[PDB]
Structures are given as C-alpha cells and as structure tokens.
C-alpha cells in the first residue's frame, strides 16, 4: 500500500457524517487536543484503540447509537511529514484527566501554526500507543480519504 490506515468509531449526526474529514464534531465539543471552535479530526492507530477512546473511556456502552468503523486512509508521504509527540517530549500535564490547558494549548499551537498537517500523539489510555490528529485546514491534508467500512457492534454493555 501507499497509504496507512487510522480508525474511528463514529456516528452520523444532523449536520455531519461518520466519514467526515472536516472535523465538525470536535469543533463543536472540543477535546483533549483542541478548543471549541477549532476543527480537528481524531483517529486511532488501531481499531482496538478507537474502541478504548470512544466507548470505554467515555463509558458510552449501552447507547442505541448507529456506530460505524471508519477507515481513514492517509497518504504515506503525508504521514512521513507528521509531527510525532511522545510522553518524553510533551509538556508536563498533557495527560491530565479531565484534559486541561496543557494538552489543549499544545494542540492549539500545533493547529494554528500549521507546522504539519498531521500530529501523532500518545493516548492517555495507553501512552505507548498513538492517536492521530488531522488539521483539515492544512494544505497537506489533501488526499486523505475516509469511509465507513462496517457497523461497529462491540458494546461491552450489550444485552443478549
């Protein structure tokens, strides 16, 4: 392949879809690495990690949501240009729970500087493994594609 896949477990909403690459959802709510009003796409380096970040970390099991596994195909030359943040080089406090100013500010500086289109960050759940942030405003984000590949059905609170 000349692409590398990252993963979301996402829903359709009223004004954006599960395969959105505009960062509409995170723009509305904010997140660990972005302010309300700043659009960013959050994806995980494995499908397992997407489940931990999306379902387990927010304890959202048991909701009758129509969740989709979304594959985000990132051009390898764009990934090669990504910034890599690690627990070792991030500012102290990036892993605060609830997320606070350190990670949000770091993410904001990265987004507004447009240093790179992609930022790889550690997960607060498993710091050794990574999530991907995509800045849709960055010129280099051109060529990234997203598609629903199947329903996501694994729900630890599912009743048989």
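Residue numbers count along the first chain shown, from 1.
Practice item. Identify the stretch, either 94-102 or 29-37, whose C-alpha atoms have the larger mean B-factor according to the entry. Key: According to the entry, 94-102 carries the higher average C-alpha B-factor.
**Study point:** Where the record places residue 73 (Cα B-factor, split into thirds across the chain)
**Key:** Middle third by C-alpha B-factor.
Check your understanding: Sorting the chain's CA B-factors, does residue 9 end up in the lowest, middle or highest third?
Key -> It falls in the bottom third of the chain.
Check your understanding: residue 51's Cα B-factor: lowest, middle or highest third of the chain?
Key -> Middle third - that is where residue 51 ends up once the chain's C-alpha B-factors are sorted.
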